[PDB]
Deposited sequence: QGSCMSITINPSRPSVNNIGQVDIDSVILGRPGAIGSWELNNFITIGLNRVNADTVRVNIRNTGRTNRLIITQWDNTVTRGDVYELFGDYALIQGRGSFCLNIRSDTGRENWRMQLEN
């Protein structure tokens, strides 16, 4: 985090500057994603329940390994509303970005 089941988030990660999305992950937690520029994605969190955790992965299907992920990062989600920024270039060859709650 820098200063400002599994859902498909490619629309924002691989989108243009200005690309936005919102996902209700459970009854308590909603995550907004906003691509602020070519280098940075902003994550917005609203959590009306207990602390949880957001896990971000990027998936590939390779001939040798089949469906496998690279862990990008994982982030505490405390009660209330907040934000943090991630350094992810949109011009990446990495596709199939996902996020999920730990619990």
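> Which residue ranges of the deposited sequence are not present in the modelled coordinates?
Unmodelled stretch: 5-19 only.
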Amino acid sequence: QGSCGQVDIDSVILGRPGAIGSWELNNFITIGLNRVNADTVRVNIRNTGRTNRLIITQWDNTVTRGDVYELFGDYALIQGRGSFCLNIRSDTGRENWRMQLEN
From here on, numbers count along this sequence of modelled residues.
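> For the stretches 78-86 and 16-24, which has the higher mean C-alpha B-factor as given in the deposited record?
Per the PDB entry, the higher value belongs to 16-24.
> Taking the recorded C-alpha temperature factors, which stretch has the higher mean, 68-76 or 46-54?
Higher mean C-alpha B-factor in the PDB entry: 46-54.
> Taking the values exactly as deposited, rank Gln6 by C-alpha B-factor within its chain and report the matching third: lowest, middle or highest.
For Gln6, whose C-alpha B-factor we compare with every modelled residue in the chain, the answer is the middle third.
> Going by the CA temperature factor in the PDB record, which third of the chain does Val41 belong to: lowest, middle or highest?
Tercile = lowest for this residue's CA B-factor.
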